[PDB]
Structure formats: C-alpha cells, structure tokens
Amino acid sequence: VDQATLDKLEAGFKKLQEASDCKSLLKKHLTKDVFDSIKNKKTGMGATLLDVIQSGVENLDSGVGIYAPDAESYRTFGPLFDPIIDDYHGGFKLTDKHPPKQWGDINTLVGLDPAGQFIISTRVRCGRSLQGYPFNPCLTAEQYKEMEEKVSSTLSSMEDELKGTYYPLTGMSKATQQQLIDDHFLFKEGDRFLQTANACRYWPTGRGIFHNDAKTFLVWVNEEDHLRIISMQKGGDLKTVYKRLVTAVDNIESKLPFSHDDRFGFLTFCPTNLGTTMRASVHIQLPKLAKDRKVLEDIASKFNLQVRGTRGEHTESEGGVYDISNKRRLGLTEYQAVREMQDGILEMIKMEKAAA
C-alpha cells in the first residue's frame, strides 16, 4: 500500500470521527484499532481499504458506507466487514455460515392485501456475480462488454413467460430510459454512493436491461451487481411474483456460473446484499401509520423491515407511497427472507386498520 493511499485513509478516518452527526455503520465500526489493523493491507487485484471505505467517507449520509472491490476484500478487510455484516443482518457471528439456498414452500405464501386499498405493487429481486469477474471497481471497459455479451446471450434462451428482449443502455433514447426509470423498471443513472465507490466507470458501456413484454420479469446488467434478477407486478400477489423469480433464477443458474461463498452465500458488491441477495418489497400506502416517516420506520424496524422512498433508497415518499421490504438477506434462507416481508406487511396493514 503506497503512501498516497495512506494519507487519504488517515484523513478519511479523521473526517469520520469529526462528523458528529454521521450515523453510518462505517463510522460506528471503524475503530482506531480496526482501522490500524487493516489499513496497510492489499488484495491480489490491488484493492485497498480506501477502495472499501471511500464511498462512506465522501458520503457521510451513507447508512453502511463500504463495498467489496473484489471477493478477497471481504476477508482481507474482514475486521471491518465482519462487524458491519453482523450488525446490518441482525446477527451473524464470525463462526456463522449462511445456509444453503432454499426457496421454501411457495404454496405457503399469501395475497398481501385482498381489498386492494393499501398495496400498490409487489416486487422481489436477487443479485448475482459471474464467476471469473471481480466487482465493479476492478472491471475494465472490455470486461463490461464481455459480461454484457455473455448475459444477454444467455437470456436470449429464456422461454414462455420469461422470453424477452435485451435493451442496451448504449443507444437507448433518453426518453425511453427515463420512462423505464419513472415506471420503476430500470435502475437509475448516476448514484452518488456507487460513483464514489468507482462502481460506475465507463458508463453506460456494458449496462442494460432485459425484460419480457409485460415487464414482469427483468434483469439488470452491470449496475451495482453483474445481474439483478427481478420479478414485479401491480397488486399484492406475492406468491406469483416469488414463483416467477424462482423459475427465472433456477433457469439462469443452470446456464451461467455464479459466485458462491461457503460463509457468505451468494457474493455481491455491497455487504447488505450477501447471502440470499433477496429484497422483497411492496409499494404501499399507510396514511395513519405514515403520518411521520420516522414513526413508520420505527414500526417497520421491529418487523426487520426497511423503509425507502417511492423511487428507491435515498429518496422521499411521493404521494404517501413507501417502499417497504425485508432488511436482512444473510444468515436466513430465501424463504425466511420473503416471509419476513409478507409477515411484516400483513401485520402493519392490521395495525393501519386498527389505528385511530
């Protein structure tokens, strides 16, 4: 680790201590001891502690603040990752290992809001990394193109409900892109947390979206993760949404090799996405409970749920519509993760009906 990198780290650590109102897990868990123990370490691809913490140093409003530039980073910088992962995912010890993939009994899932007065739409996503490719900050432009080719070629073999078309971001009209983002289908462009993590280099090369005509099945290529595999539709039919995701992931898994770790389950760029990589969410209105987004968040947290704005994380609610989802992804099965959202949303709706 060169001297220029060390200077920036010491200055970054200092900045974090002085940021009296910073509430990120990075600040909370980067103790002087932790800091000194790993700041001189480097991975085989040259990822340093700076590459890990830089996004959180520059964006003090980060909730977490770190990313893994490569798989090795998760262990090379373990003393920082380990406590943060344990913290975020609601308990995960050094000796713990993520359980084997288990979708569970899909037939046990229910409709989340039969009368249709609270839930707007339901969505479940997963993420995957291609074996042989590092995470965003270590990728070259050429690698983005190689991966885009591989993934798009694989998805051309999808059939029936899952059959669809790949749309590259390169050459995509501003109008077409903007509508897809507005309609909650395409990942947004230019995220400051990802940018400062050097996750958006060479944009928009290699980036794009696959989807069926109904746009109930989508795959993001080369945004935050190599793949995000998405099932979504209007209404509260979680069972169908989850079933479609399972079918899609099972099919893609037979064709493309994805990175899996004995301890961390499926590997992802952010530690929040490890394990099941699963975020099951609803867009929901709860006017009585949501009379203060912090009261809503406090209610949600007891159900292990996270609250986001209408256009995704780091955004506000619009027209009272919130994104509410399972927070935890690692140290529980796919089934357990989706059930936490279902169970939490069902009770919150009950609470809403009862609220004065």
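Position 1 is the first residue in the sequence shown; the rest follow in order.
Mean CA temperature factor is higher for 9-17 when stretches 335-343 and 9-17 are set side by side in the entry.
On average the C-alpha atoms of 108-116 have higher B-factors than those of the other stretch, with 108-116 and 278-286 being the two compared. Sorting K302, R329, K41, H314 by the CA temperature factor given in the entry leaves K41 at the top. Comparing the C-alpha B-factors of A175, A199, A248, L227 in the entry, the top value falls on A175. When the CA B factors of the chain's modelled residues are split into thirds, the value for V52 lands in the middle one.
In the deposited entry, the Cα temperature factor of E146 sits in the middle third of values across the chain's modelled residues. The deposited CA B-factor of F210 belongs to the middle third of values across its chain. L194: CA B factor in the lowest third of modelled residues in this chain (values from the PDB entry). Ranked by C-alpha B-factor against the other modelled residues of its chain, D237 falls in the lowest third.
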